Amino acid sequence: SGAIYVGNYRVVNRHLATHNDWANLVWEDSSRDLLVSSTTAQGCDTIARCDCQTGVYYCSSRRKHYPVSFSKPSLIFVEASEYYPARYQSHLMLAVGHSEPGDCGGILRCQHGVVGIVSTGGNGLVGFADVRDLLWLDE
Ligand SMILES: CSc1ccccc1C(=O)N1CCC[C@H](C(N)=O)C1
Ligand SMILES: [Zn+2]
């Protein structure tokens, strides 16, 4: 679990969004596994606006933050799960690292701020849904 809180927006994995997130929907994209809902109070996370490919992510299944190198956002095949059929997920970045399904939502950060959240894994990898192209999160 986990979210990004920037301005009056809450960014979560779409597959973990609540019925209340859908009522307060701003934007969602199944192909990116992202959902943004509106909030009453202002959030304090800063979104990174950069092309960093190294950062640190939070792994709840280890209670540990790990430094990682990660690929640029791409269209990657993701195996079927209880949340989606087998499909390509877009704006996805992969790294070598530990992840379990409950780790989705953990933040990936660089020196500029929040880059994205954990969204995929399997086979000794961890994948992150990029949010750096969502410029409207800032206004
Ligand atoms: C850290 S997610 C994970 C972890 C271990 C094994 C598999 C996964 C994983 O790739 N999944 C499961 C949850 C939904 C994901 C999605 N965004 O389609 C796909
Ligand atoms: Zn950066």
Side-chain angles (χ1 to χ4, degrees):
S1 64
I4 308 167
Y5 290 97
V6 52
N8 286 265
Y9 299 123
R10 163 171 142 97
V11 188
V12 294
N13 293 91
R14 185 192 188 269
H15 76 274
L16 298 180
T18 67
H19 63 109
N20 290 324
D21 281 315
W22 282 105
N24 293 307
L25 178 72
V26 171
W27 170 88
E28 55 87 16
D29 185 339
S30 179
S31 74
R32 287 178 75 146
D33 184 43
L34 291 177
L35 183 143
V36 175
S37 57
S38 57
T39 69
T40 55
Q42 196 168 321
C44 302
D45 291 329
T46 289
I47 306 302
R49 304 296 182 193
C50 69
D51 64 353
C52 289
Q53 277 189 256
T54 67
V56 176
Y57 80 104
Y58 181 61
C59 176
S60 67
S61 64
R62 297 283 182 270
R63 292 180 187 131
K64 187 142 177 76
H65 300 257
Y66 292 107
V68 286
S69 289
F70 54 88
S71 61
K72 283 185 169 172
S74 307
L75 188 67
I76 296 297
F77 172 87
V78 177
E79 284 255 78
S81 68
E82 64 175 298
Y83 302 109
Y84 301 100
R87 75 208 212 285
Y88 291 98
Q89 176 164 317
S90 59
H91 298 267
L92 188 63
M93 299 175 294
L94 295 186
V96 176
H98 185 65
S99 67
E100 296 178 33
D103 290 323
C104 286
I107 273 168
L108 168 66
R109 164 191 310 286
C110 70
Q111 70 185 98
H112 305 107
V114 175
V115 174
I117 51 176
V118 175
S119 178
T120 75
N123 296 346
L125 301 168
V126 55
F128 308 98
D130 186 46
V131 300
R132 297 178 290 187
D133 65 311
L134 301 176
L135 306 184
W136 55 270
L137 287 171
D138 286 355
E139 61 222 28

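Throughout, residue positions are numbered sequentially from 1 according to the sequence presented. One-based numbering, in listed order, for ligands and for the atoms of each.
For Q42 (side chain) and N8 (main-chain N/O), no donor-acceptor pair under 3.5 Å exists by modelled atom type.
Taking every heavy atom of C104 and a limit of under 4.0 angstrom, the matching atoms of ligand 1 come to 1 (C), 2 (S). Atom numbering of ligand 1 starts at 1 in the shown order; those under 4.0 Å from a heavy atom of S119 are 2 (S), 15 (C), 16 (C), 17 (N).
Rounding to 10 degrees, one finds that the Zn ion (ligand 2) sits at the corner of an angle of 110° between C52 SG and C50 SG.
For an aromatic pair to be called close, the ring centres must be under 6.0 Å apart, and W27 with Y9 fails this.
Look at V78 and you'll find a heavy atom under 4.0 Å from some atom of ligand 1. Remark: distances from the non-hydrogen atoms of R87 to ligand 1 include one below 4.0 Å.
The residue among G102, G124, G122, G105 with a heavy atom at the shortest distance from atom 6 (C) of ligand 1 is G122.
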Kindly determine whether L16 and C104 satisfy side chain to side chain contact (heavy atoms under 4.5 Å, CB included), including the steps that lead there.
CA-CA 8 Å; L16 298 180; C104 286; 4.0 Å; yes
Using side chain to side chain contact (heavy atoms under 4.5 Å, CB included), reason through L134 and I47 one step at a time and then give a plain yes or no.
CA-CA 9 Å; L134 301 176; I47 306 302; over 6 Å; no
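The aromatic rings of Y57 and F128 sit perpendicular, their planes meeting at an angle over 60°, well past the 30° parallel limit.
Checked by atom type, the side-chain pair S37/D21 shows a donor-acceptor distance below 3.5 Å. A donor-acceptor pair shorter than 3.5 Å cannot be found between the side chains of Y83 and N13.
Proximity of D133 to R32: side-chain heavy atoms (C-beta onward) are separated by under 4.5 Å at one or more points.
For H112, the N/O/S atom at the shortest distance from the Zn ion (ligand 2) is named ND1.
In terms of polar-atom proximity, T120 is not counted as a contact of ligand 1, lacking any N or O under 3.5 Å from an N or O of the ligand.
Among all protein heavy atoms, the one lying closest to atom 9 (C) of ligand 1 is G121 N, 3.5 Å. Looking from atom 12 (C) of ligand 1 to the surrounding protein, the closest heavy atom is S81 CB, 4.2 Å.
Residue-level proximity to ligand 1 for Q89 is carried by the side chain, the only part with a heavy atom below 4.0 angstrom.
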